[PDB]
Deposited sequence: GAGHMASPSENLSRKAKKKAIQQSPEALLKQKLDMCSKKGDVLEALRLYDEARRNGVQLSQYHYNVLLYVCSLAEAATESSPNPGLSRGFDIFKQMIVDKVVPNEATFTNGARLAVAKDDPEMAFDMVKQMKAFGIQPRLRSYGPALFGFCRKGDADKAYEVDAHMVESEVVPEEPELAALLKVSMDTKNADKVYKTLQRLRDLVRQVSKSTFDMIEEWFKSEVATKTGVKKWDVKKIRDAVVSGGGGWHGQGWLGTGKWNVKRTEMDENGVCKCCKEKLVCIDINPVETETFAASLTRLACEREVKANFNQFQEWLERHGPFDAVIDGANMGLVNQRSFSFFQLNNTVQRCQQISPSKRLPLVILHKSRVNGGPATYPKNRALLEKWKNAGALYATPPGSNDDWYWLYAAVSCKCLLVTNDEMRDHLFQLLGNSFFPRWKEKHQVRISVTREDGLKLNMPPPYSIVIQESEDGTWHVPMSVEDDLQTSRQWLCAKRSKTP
C-alpha cells in the first residue's frame, strides 16, 4: 500500500534526523497523488523541528507550510500534532508565526492546547511587546485555555516592563486565583514590583471602605479586587507566618478561606468517574457500597504510605502508632479508616495480624483488591466522609495531575495530615493550618505572597510582606 510505504520511509527519516529526505518524500507523495494521514503529517512536523536558525533554512519555514496544509486538508490533529507544532514554533522563534498557527486552528474549529500559545506568548515577552502578549492572552481567554504559572509570570514581567500597574494588579489577582503560591522566580519578580518606582507612585489616598468591605464578602475572602490602595513607598520584607497565620513582620492574621460544599460534591463525582476508568468498575463499586454501610469516620489513613514513609521496609509499628494517634485526637475516639492492600493484610507476627482483623471487624479497615491503585480509595473515602486524610504521599504521580490545580490543592490543604518523626519525641501528626496558604490582599491593601515549596515541614515557607509605610 502506497500510504503504508510512505510511513516506512518517513519512520527512517525521524530516526536519522534526515530533513531533506522528508521534504523530498513529501513532494514525491504530492506528485504521486498520495493522501497523507495523521501519522504522516506528525512525523514531518517533528522532523522539521530539528532545523535551527543568514536567512530561514527550508526545514523550519517549510514546517509551517506543512502545518497550514494539514489544517486545509482537514486531517484531525491529535496530541502529537500540537506538541510538534509547538516545538517547530519554539525552534523558529518567530512569535507572530506561532500566533498565526493558533489563529488557523481557531478558524478551522480546532481547540488549541496550552503549549500551542507558549512560543507566541513567551516570544512576545522576550521582545518586550506587551500589546501582542495581551492579544495572545485574550485569545486564550476566548478559547477557554487556562494559563498556568509560566504564562502568568510572563504576563506579569511584560506588564512590569511597560509600567502597566493595572495589568500587574490583574495578573497578581490571577496568580492568587489560579496558582495560589508562586515559584522562586515569580516570587523574586513580585518583590521587585513592590520595591519599584511605579509601585511607589501608583495608589489612592482615600477610597470607599464599604465598597471594599462588600467586595471582600463577595469574593469568598482574602482579597477585594478593587485596585491598589494607599500611597507612597512599599515596605517589602521576606518573612514567615507563625503556626496561627500571623505575619512575623506586620502582625496581620491571615485569613482562612472557605470551600464551597458544591465544588466538593462535584469533585467527588469526578473522582468516581476518574476511578471507574482506571479500576475494575465492580471493585470500585464494591468499595463505595462498603463505605455507605460504614463510618462515621474522622480520618482516613493511607496505610501503605504510613507503613513505608522513611522506612527501608513496611513498619507495622509506624502504621499502628499512627492509627492510635488519630484515634486519640478524634473527639469521640473513632478508629480511623485504614485503607491497605489485601496483599499486606496477609502481617507475619500473629498479634499484628489479629489487630488488622480487629480493625476490619470494627468497621475500620478496607483491604483493596489485587491490581487496584489504593489512591482512588483513600481519596474517595476522605472526600465523601468529609474527614481528614492521613498521608505523606508527595502526589507527584500522573494520577494526581488528573485531579486539577484549582479545587484539589485547596481541599488538600484543609484535609491532609502528614506524619513527622523525631528521635526526641517520636511521631507527630501535622494538622491542616488555621489559615489559607495563598496570595492575600487585605482590606487596607497589604499583600502577603507565599512561595511554593516541595515540603513545608522540611523547609520553612518564605512569604513576602508588602505593606505601605504611610
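Student: Missing C-alpha stretches, by deposited numbering?
Tutor: Missing from the model are residues 1 to 23, 77 to 79, 373 to 375, 500 to 501.
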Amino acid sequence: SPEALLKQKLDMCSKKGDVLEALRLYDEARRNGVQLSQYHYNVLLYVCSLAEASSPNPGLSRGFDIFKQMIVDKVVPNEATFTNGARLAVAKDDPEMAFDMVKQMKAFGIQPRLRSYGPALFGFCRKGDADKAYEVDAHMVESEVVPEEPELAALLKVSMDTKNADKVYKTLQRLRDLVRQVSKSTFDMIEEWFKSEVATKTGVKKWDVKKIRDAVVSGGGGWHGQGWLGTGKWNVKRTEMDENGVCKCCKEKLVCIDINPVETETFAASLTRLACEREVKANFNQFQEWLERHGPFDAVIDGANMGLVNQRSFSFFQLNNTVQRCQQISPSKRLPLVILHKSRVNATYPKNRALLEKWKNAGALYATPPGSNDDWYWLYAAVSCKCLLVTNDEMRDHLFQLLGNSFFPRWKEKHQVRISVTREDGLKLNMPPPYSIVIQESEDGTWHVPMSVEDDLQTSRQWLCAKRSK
From here on, numbers count along this sequence of modelled residues.
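Basically, rigid core = biggest C-alpha set you can superpose within 1.5 Å across the two forms.
Student: Quick one: core-superposed, which stretch strays further from the shown model in 7 other deposited structures of this protein, 301 to 309 or 393 to 401? Go by RMS C-alpha distance.
Tutor: Relative to the shown form, the greater RMS C-alpha distance in 7 other deposited structures of this protein belongs to 393 to 401.
Student: Going by the B-factors listed in the PDB entry, is the mean over the C-alpha atoms higher for 258 to 266 or for 103 to 111?
Tutor: If you average the C-alpha B-factors of 258 to 266 and of 103 to 111, the larger mean comes out for 103 to 111.
Student: Read off the CA B-factors in the entry, average them over 126 to 134 and over 180 to 188, and name the higher stretch.
Tutor: Taking the mean C-alpha B-factor of 126 to 134 and of 180 to 188, the larger value falls to 126 to 134.
Student: Taking the values straight from the PDB record, which of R423, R418, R410, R30 has the highest C-alpha temperature factor?
Tutor: When the deposited C-alpha B-factors of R423, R418, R410, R30 are compared, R30 is largest.
Student: Among the candidates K237, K206, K358, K248, give the one with the maximum CA B-factor reported in the record.
Tutor: Highest CA B-factor of the listed options: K206.
Student: Please rank the C-alpha B-factors of the chain's modelled residues and tell me whether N405 sits in the lowest, middle or highest third.
Tutor: Answer is middle: the recorded C-alpha B-factor places it there.
Student: Which third of the chain holds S330 when residues are ordered by C-alpha B factor: lowest, middle or highest?
Tutor: Answer is lowest: the recorded C-alpha B-factor places it there.
Student: Relative to the other modelled residues of the same chain, rank the CA B-factor of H448 and answer lowest, middle or highest third.
Tutor: It belongs to the lowest third of the chain when residues are ordered by C-alpha B-factor.
Student: Which third, lowest, middle or highest, does the C-alpha temperature factor of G307 belong to within its own chain?
Tutor: Within its chain, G307 is a lowest-third residue by C-alpha B-factor, going by the deposited values.
Student: Hey, what third does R353 fall into on Cα B-factor, ranked over its chain?
Tutor: Tercile = lowest for this residue's CA B-factor.
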